[PDB]
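Peer 1: The following block contains the structure, expressed as structure tokens.
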Amino acid sequence: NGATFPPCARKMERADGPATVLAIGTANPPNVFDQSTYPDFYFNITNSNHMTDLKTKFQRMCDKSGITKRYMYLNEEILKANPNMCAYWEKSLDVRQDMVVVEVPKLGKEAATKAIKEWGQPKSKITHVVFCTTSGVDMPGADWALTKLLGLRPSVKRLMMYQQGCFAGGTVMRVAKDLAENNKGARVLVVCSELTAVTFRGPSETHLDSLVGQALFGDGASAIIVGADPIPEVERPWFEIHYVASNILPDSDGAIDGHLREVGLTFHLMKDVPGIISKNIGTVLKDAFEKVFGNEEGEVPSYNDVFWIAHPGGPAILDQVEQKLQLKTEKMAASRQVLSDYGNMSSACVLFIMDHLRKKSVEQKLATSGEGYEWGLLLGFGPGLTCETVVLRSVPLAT
Amino acid sequence: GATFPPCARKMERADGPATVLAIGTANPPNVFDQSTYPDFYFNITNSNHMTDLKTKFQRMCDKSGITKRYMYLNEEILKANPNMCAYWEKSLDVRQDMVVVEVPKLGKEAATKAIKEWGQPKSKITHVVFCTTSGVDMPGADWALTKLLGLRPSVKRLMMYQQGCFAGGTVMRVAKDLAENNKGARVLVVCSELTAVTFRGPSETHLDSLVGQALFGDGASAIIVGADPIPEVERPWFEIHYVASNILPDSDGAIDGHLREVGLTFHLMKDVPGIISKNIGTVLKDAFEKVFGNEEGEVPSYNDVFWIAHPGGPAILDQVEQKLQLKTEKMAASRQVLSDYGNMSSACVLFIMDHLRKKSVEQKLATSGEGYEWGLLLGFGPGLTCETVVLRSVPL
């Protein structure tokens, strides 16, 4: 028998509208690093100035990175007091953990305070917390730590996403979607907070993929408030989450691997990451657009007629996706702007881009929060090789 | 505040409650008798000179409520790794080498059993939730499990790392929203825990680390969760109706865990059984109001629901029983798993769920929950976090 007790009404009432972004806040550590002269600083502080050839290669990596500056919790004083972090391969995890278990929820709190202020509702209305970081682990997690720092209700429903990597900006959108939609009244605080203190290390002539990481990764935290059924005249919608998908791309074993070791977090590239992403992105998107839009003539937007939020893992990914899909160069502009101003902040990146997109749209008096377009994409890429796809709708603006 | 015109939900949602459709479990092959574990433990850590500490540990084991545990570790592995037999040696790297391979492996064993019971093609799994407190890696154990099972590369994964002992409740809360908000979703949930990250030699000045050595065992459990079971094809066992999370008052620092170069370290700083047992009544009173209302004759007593309680240790079960005035039968299923397996962290509560339905079938009871319609699943861990889940059984 597949017998069951008599049905009862859904005991936890669900919402009816789509999960909606209601506020966005961001924060970065206070130490600014100009990319043009980062090689000078980096080879000085790692006591590596005798590696003249390797410094030239690193100057090339920095010059070609698409990054103008980065923010970091680390500075010269902290690094000098921790020589094991300045070496390429010395036991360090303990001091790295000591830093990030405190500083990632601290930075997350700064971003969350800004999101909550914009939202304009009292903190006690937050029912769910999603915390995402690739920088350290602890028990209780950063989610608990953030709850304490902000003074949220002790009954918030928390989800702690540790050690996930660069695609997880897409993942948290996918997680928040179901939380918000399946729970009437739920208001989800999503915080992504990333610090390079776990990955910073000195240079090695035989590990150029680890060196690329030293040129690309920067610090940042972003926070959003997600809910369904926004309260009219009280809350303000900015983006709607309509579709989510995840894909391990074909032939991509080992493309991006990271290991938490006694020497800290190591970062490995072993496949042509921009090549794998660009080779497969068309089928990923074609499937997503079919699910969202169907396929009747004149009903499916062209890729040039949606807004783009693409994780800028490096400039080559954006370049090769733009080439493969024949995007006009303005499509990737917002994603490139955040790469320029902040570098690769791992999971936090895509929310910085989302914030930049709406703020530029308002300033330039465009017809929507997504550059004048109704529909858009948010894409995360990372270990797997995992591609996270999110189809969004903007909101109309007065032009 | 304007929006575009509303449209129908683009990913259709389900209508019924999230339902447990299958359960499978698995344990490493090395069995450890709890009565003689102090002999084994003090020998393999070369600590036989700590005569008074061993007496203390024999007492802890005698009173643990545990008869046996399963572990990936054994004498051979431990002799090859003296840095794990010391109290405080750099070891993380070898611990990680073990658990990044072995926790998805053990999870795959439990998952294959769940999937076989479920009876549906594995390509029908749409989501994976992987939960562990044993190691971290990128890609994570969710990706590894997906590869080992041959699941569809488009499965939507949720990787829950470094969670701790409450997370068996957390994954029920996560699976609920995944299943209910997505028509057709079938969620593979796996909890897999290995003591290789926490095992270490004894210290006469850190008795709380000695607690973990007496209580923690290894295991993995897997469930298939979905809403709207396919008629005459899938078989419901339990329904998820209500979930809540609470950080209990005055519990700051009661249970901390840190991942260090010496592995995962375990710290107890307040009266954990006391904090849980003194605050659980308020938590459950709230959940029962939300689920059943406040009307005379409408709300079941705690004695008239089935219990699935994370057996962090015997004192938690004993004090919850006393503070809530439970008859002794209520904690029996939870105590049975503690006896047969020890504290398997997040995986425990799903072992208890499996035992409960299996004992119900073999004893020809009226429901999959010991004959009771409504039940509770509780997880407890760092925070101090209490995860509460109200379940419904099915008639038998």
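Here's how to read the names in the structure tokens: chain A, B, ... by the order shown, residue numbers from 1 in each chain, ligand numbers from 1 in the order shown.
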Once you count only C-alpha atoms, which residues of chain A turn out to be within 7 Å of chain B? Could you give them as a VMD selection string?
Peer 2: chain A and resid 2 to 5 10 to 12 18 93 to 94 137 to 140 154 to 157 160 to 164 178 to 179 182 233 236 to 237 242 to 243 245 to 248 257 to 262 292 383 to 384 395 to 396
Peer 1: As a short mmCIF file (atom, residue, chain, number, x, y, z; two decimals) with N, CA, C and O atoms, in the first residue's frame, list the residues of segment 76-123 of chain B assigned to helix (DSSP H, G or I) by DSSP on the backbone atoms of this structure.
Peer 2:
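Below is the file selection_2.cif, written as the result:
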```
data_model
loop_
_atom_site.label_atom_id
_atom_site.label_comp_id
_atom_site.auth_asym_id
_atom_site.auth_seq_id
_atom_site.Cartn_x
_atom_site.Cartn_y
_atom_site.Cartn_z
N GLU B 76 46.03 -1.13 11.45
CA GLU B 76 47.01 -1.02 10.39
C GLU B 76 47.18 0.42 9.93
O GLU B 76 48.30 0.94 9.86
N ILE B 77 46.07 1.10 9.64
CA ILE B 77 46.13 2.49 9.20
C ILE B 77 46.76 3.36 10.27
O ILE B 77 47.56 4.26 9.96
N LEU B 78 46.43 3.11 11.53
CA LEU B 78 46.93 3.96 12.62
C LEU B 78 48.42 3.75 12.85
O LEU B 78 49.14 4.70 13.20
N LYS B 79 48.91 2.52 12.70
CA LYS B 79 50.34 2.27 12.86
C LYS B 79 51.14 2.97 11.77
O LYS B 79 52.25 3.44 12.02
N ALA B 80 50.58 3.06 10.57
CA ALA B 80 51.21 3.79 9.49
C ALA B 80 51.18 5.30 9.68
O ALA B 80 51.90 6.01 8.97
N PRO B 82 51.61 7.64 12.74
CA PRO B 82 51.83 8.03 14.14
C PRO B 82 51.43 9.47 14.44
O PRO B 82 51.13 9.77 15.61
N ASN B 83 51.40 10.35 13.45
CA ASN B 83 51.02 11.73 13.75
C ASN B 83 49.54 11.86 14.14
O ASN B 83 49.17 12.85 14.78
N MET B 84 48.71 10.86 13.79
CA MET B 84 47.31 10.78 14.20
C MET B 84 47.12 10.06 15.53
O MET B 84 46.04 10.15 16.13
N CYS B 85 48.13 9.32 15.98
CA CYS B 85 48.09 8.67 17.28
C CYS B 85 48.60 9.57 18.39
O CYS B 85 48.41 9.25 19.56
N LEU B 92 46.56 17.21 9.69
CA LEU B 92 45.58 17.58 8.68
C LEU B 92 45.72 17.00 7.27
O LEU B 92 44.75 16.49 6.70
N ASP B 93 46.93 17.05 6.70
CA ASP B 93 47.13 16.60 5.33
C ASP B 93 46.76 15.13 5.16
O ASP B 93 46.01 14.78 4.25
N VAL B 94 47.26 14.25 6.04
CA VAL B 94 46.92 12.83 5.88
C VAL B 94 45.46 12.58 6.23
O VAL B 94 44.80 11.74 5.61
N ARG B 95 44.93 13.30 7.22
CA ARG B 95 43.50 13.16 7.53
C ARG B 95 42.66 13.51 6.31
O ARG B 95 41.76 12.75 5.92
N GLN B 96 42.95 14.65 5.69
CA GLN B 96 42.27 15.05 4.46
C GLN B 96 42.43 14.00 3.36
O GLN B 96 41.46 13.66 2.69
N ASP B 97 43.65 13.50 3.15
CA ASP B 97 43.84 12.47 2.13
C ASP B 97 42.90 11.30 2.34
O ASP B 97 42.39 10.71 1.38
N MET B 98 42.64 10.94 3.60
CA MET B 98 41.72 9.85 3.88
C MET B 98 40.28 10.25 3.61
O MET B 98 39.54 9.54 2.92
N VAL B 99 39.84 11.39 4.15
CA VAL B 99 38.41 11.64 4.17
C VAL B 99 37.92 12.21 2.84
O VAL B 99 36.76 12.00 2.47
N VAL B 100 38.75 12.93 2.08
CA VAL B 100 38.23 13.40 0.79
C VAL B 100 37.92 12.23 -0.14
O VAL B 100 37.05 12.35 -1.00
N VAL B 101 38.59 11.09 0.04
CA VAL B 101 38.27 9.89 -0.71
C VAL B 101 37.16 9.11 -0.04
O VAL B 101 36.22 8.64 -0.69
N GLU B 102 37.25 8.94 1.27
CA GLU B 102 36.39 7.96 1.90
C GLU B 102 34.98 8.48 2.22
O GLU B 102 34.05 7.67 2.22
N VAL B 103 34.77 9.78 2.45
CA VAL B 103 33.39 10.13 2.79
C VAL B 103 32.49 10.04 1.56
O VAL B 103 31.39 9.50 1.69
N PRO B 104 32.89 10.46 0.35
CA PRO B 104 31.99 10.21 -0.79
C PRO B 104 31.86 8.73 -1.10
O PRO B 104 30.79 8.30 -1.55
N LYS B 105 32.90 7.93 -0.86
CA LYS B 105 32.82 6.49 -1.06
C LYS B 105 31.76 5.87 -0.16
O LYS B 105 30.88 5.14 -0.63
N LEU B 106 31.81 6.16 1.14
CA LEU B 106 30.80 5.64 2.06
C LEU B 106 29.41 6.16 1.71
O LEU B 106 28.43 5.41 1.77
N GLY B 107 29.30 7.44 1.36
CA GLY B 107 28.02 7.97 0.92
C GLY B 107 27.48 7.25 -0.30
O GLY B 107 26.27 7.01 -0.40
N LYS B 108 28.36 6.88 -1.23
CA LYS B 108 27.89 6.16 -2.41
C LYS B 108 27.27 4.82 -2.03
O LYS B 108 26.25 4.43 -2.59
N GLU B 109 27.87 4.12 -1.07
CA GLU B 109 27.30 2.85 -0.62
C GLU B 109 25.90 3.04 -0.06
O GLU B 109 24.97 2.31 -0.43
N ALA B 110 25.72 4.01 0.83
CA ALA B 110 24.39 4.30 1.35
C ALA B 110 23.45 4.77 0.24
O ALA B 110 22.27 4.41 0.23
N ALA B 111 23.94 5.60 -0.69
CA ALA B 111 23.07 6.12 -1.73
C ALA B 111 22.59 5.02 -2.67
O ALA B 111 21.42 5.02 -3.08
N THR B 112 23.47 4.07 -3.01
CA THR B 112 23.06 2.97 -3.89
C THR B 112 21.95 2.14 -3.26
O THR B 112 21.05 1.66 -3.97
N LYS B 113 22.00 1.92 -1.94
CA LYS B 113 20.93 1.19 -1.27
C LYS B 113 19.62 1.95 -1.31
O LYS B 113 18.57 1.36 -1.54
N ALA B 114 19.66 3.26 -1.05
CA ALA B 114 18.44 4.07 -1.10
C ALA B 114 17.83 4.04 -2.49
O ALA B 114 16.62 3.88 -2.65
N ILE B 115 18.68 4.20 -3.52
CA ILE B 115 18.20 4.25 -4.89
C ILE B 115 17.60 2.91 -5.30
O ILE B 115 16.56 2.86 -5.96
N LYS B 116 18.23 1.81 -4.90
CA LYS B 116 17.68 0.50 -5.20
C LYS B 116 16.30 0.31 -4.56
O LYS B 116 15.39 -0.23 -5.20
N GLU B 117 16.13 0.74 -3.30
CA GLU B 117 14.82 0.63 -2.66
C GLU B 117 13.80 1.49 -3.39
O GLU B 117 12.68 1.05 -3.67
N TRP B 118 14.19 2.73 -3.68
CA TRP B 118 13.34 3.65 -4.42
C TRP B 118 12.85 3.04 -5.73
O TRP B 118 11.68 3.20 -6.10
N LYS B 122 18.11 6.20 -11.86
CA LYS B 122 18.93 7.22 -11.20
C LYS B 122 18.92 8.54 -11.95
O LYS B 122 19.23 9.58 -11.36
N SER B 123 18.59 8.53 -13.24
CA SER B 123 18.48 9.77 -13.99
C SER B 123 17.30 10.62 -13.55
O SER B 123 17.22 11.79 -13.94
#
```
Peer 1: Give me the residues within 10 Å of residue 121 of chain A as a PyMOL selection string, counting only C-alpha atoms and dropping any in the same chain fewer than 5 places off.
Peer 2: chain A and resi 116+126+234-235
Peer 1: Take the residues that were just selected and, keeping C-alpha atoms, output them as a PDB file, in the first residue's frame.
Peer 2:
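The resulting file, part36.pdb, is reproduced below:
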```pdb
ATOM      1  CA  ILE A 116      19.508  46.091   5.461  1.00  0.00           C
ATOM      2  CA  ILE A 126      15.019  38.425   8.315  1.00  0.00           C
ATOM      3  CA  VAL A 234       7.268  49.380   1.532  1.00  0.00           C
ATOM      4  CA  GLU A 235       9.828  47.168  -0.233  1.00  0.00           C
TER       5      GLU A 235
END
```
Peer 1: Env of residue 70 of chain B: 9 Å cut, atoms = only C-alpha atoms, seq-sep filter 5 positions within chain, self excluded. Answer as number ranges by chain.
Peer 2: B: 27-32, 217-219, 341-342
Peer 1: Could you tell me how far atom CA of residue 114 of chain A sits from atom CA of residue 377 of chain A, in Å to one decimal place?
Peer 2: 24.5 Å
Peer 1: Please indicate the distance in Å from atom CA of residue 331 of chain B to atom CA of residue 311 of chain B, rounded to one decimal place.
Peer 2: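 So the two atoms, atom CA of residue 331 of chain B and atom CA of residue 311 of chain B, lie 9.4 Å apart.
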Peer 1: Determine which residues of segment 87-165 of chain A DSSP labels as strand (DSSP E) from the backbone of this structure, then write them out as a compact mmCIF listing (two decimals) with N, CA and C atoms, in the first residue's frame.
Peer 2:
```txt
# COMPACT_ATOMS: atom_id res chain seq x y z
N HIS A 128 15.77 33.96 7.21
CA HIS A 128 16.75 33.01 6.72
C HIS A 128 18.07 33.73 6.51
N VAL A 129 19.17 33.02 6.76
CA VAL A 129 20.52 33.48 6.46
C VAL A 129 21.21 32.43 5.60
N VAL A 130 21.75 32.86 4.46
CA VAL A 130 22.61 32.02 3.63
C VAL A 130 23.97 32.70 3.62
N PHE A 131 24.99 32.01 4.13
CA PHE A 131 26.34 32.54 4.14
C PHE A 131 27.20 31.66 3.24
N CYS A 132 27.95 32.30 2.35
CA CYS A 132 28.80 31.60 1.40
C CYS A 132 30.22 32.16 1.46
N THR A 133 31.19 31.28 1.68
CA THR A 133 32.60 31.68 1.63
C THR A 133 33.44 30.49 1.19
N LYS A 157 16.75 30.76 10.17
CA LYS A 157 17.07 29.47 9.57
C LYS A 157 18.31 29.65 8.71
N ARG A 158 19.42 29.05 9.12
CA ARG A 158 20.72 29.32 8.51
C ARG A 158 21.13 28.20 7.56
N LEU A 159 21.86 28.58 6.51
CA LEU A 159 22.51 27.63 5.61
C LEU A 159 23.93 28.13 5.39
N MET A 160 24.89 27.28 5.70
CA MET A 160 26.30 27.63 5.69
C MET A 160 26.95 26.94 4.49
N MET A 161 27.38 27.72 3.52
CA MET A 161 27.99 27.18 2.31
C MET A 161 29.48 27.46 2.37
N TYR A 162 30.26 26.42 2.70
CA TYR A 162 31.70 26.51 2.85
C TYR A 162 32.39 25.87 1.65
```
Peer 1: Show which residues sit within 6 Å of segment 315-325 of chain A, as a PyMOL selection string. Count only C-alpha atoms, and ignore same-chain residues fewer than 2 positions away.
Peer 2: chain A and resi 66+274+278+327
Peer 1: Residues within 10 Å of residue 378 of chain A, please, as a ChimeraX atom specification. Count only C-alpha atoms; anything in the same chain fewer than 4 positions from it doesn't count.
Peer 2: /A:169-170,173,241,244,307-311,350-351,353-354,388-392
Peer 1: Next, the residues of the selection above should be written as a PDB file, in the first residue's frame with C-alpha atoms.
Peer 2:
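again-v4.pdb was written with the following content:
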```pdb
ATOM      1  CA  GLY A 169      27.386  33.306  -6.507  1.00  0.00           C
ATOM      2  CA  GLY A 170      25.013  31.442  -8.793  1.00  0.00           C
ATOM      3  CA  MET A 173      20.709  32.640  -5.947  1.00  0.00           C
ATOM      4  CA  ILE A 241      14.769  34.935 -10.095  1.00  0.00           C
ATOM      5  CA  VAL A 244      18.056  28.149 -12.295  1.00  0.00           C
ATOM      6  CA  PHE A 307      21.452  41.817 -19.700  1.00  0.00           C
ATOM      7  CA  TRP A 308      24.568  39.894 -18.649  1.00  0.00           C
ATOM      8  CA  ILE A 309      26.027  39.205 -15.190  1.00  0.00           C
ATOM      9  CA  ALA A 310      28.997  36.900 -15.771  1.00  0.00           C
ATOM     10  CA  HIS A 311      31.509  35.819 -13.152  1.00  0.00           C
ATOM     11  CA  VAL A 350      28.309  38.374  -9.436  1.00  0.00           C
ATOM     12  CA  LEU A 351      26.482  40.345  -6.761  1.00  0.00           C
ATOM     13  CA  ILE A 353      28.058  43.181 -10.883  1.00  0.00           C
ATOM     14  CA  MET A 354      24.328  43.036 -10.162  1.00  0.00           C
ATOM     15  CA  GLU A 388      25.571  27.861 -12.526  1.00  0.00           C
ATOM     16  CA  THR A 389      22.927  29.541 -14.704  1.00  0.00           C
ATOM     17  CA  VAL A 390      20.270  31.952 -13.434  1.00  0.00           C
ATOM     18  CA  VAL A 391      17.685  33.655 -15.645  1.00  0.00           C
ATOM     19  CA  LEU A 392      16.546  36.949 -14.148  1.00  0.00           C
TER      20      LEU A 392
END
```
Peer 1: Mind pulling up the distance from atom CA of residue 271 of chain A to atom CA of residue 251 of chain A?
Peer 2: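 Taking atom CA of residue 251 of chain A and atom CA of residue 271 of chain A, their separation equals 9.3 Å.
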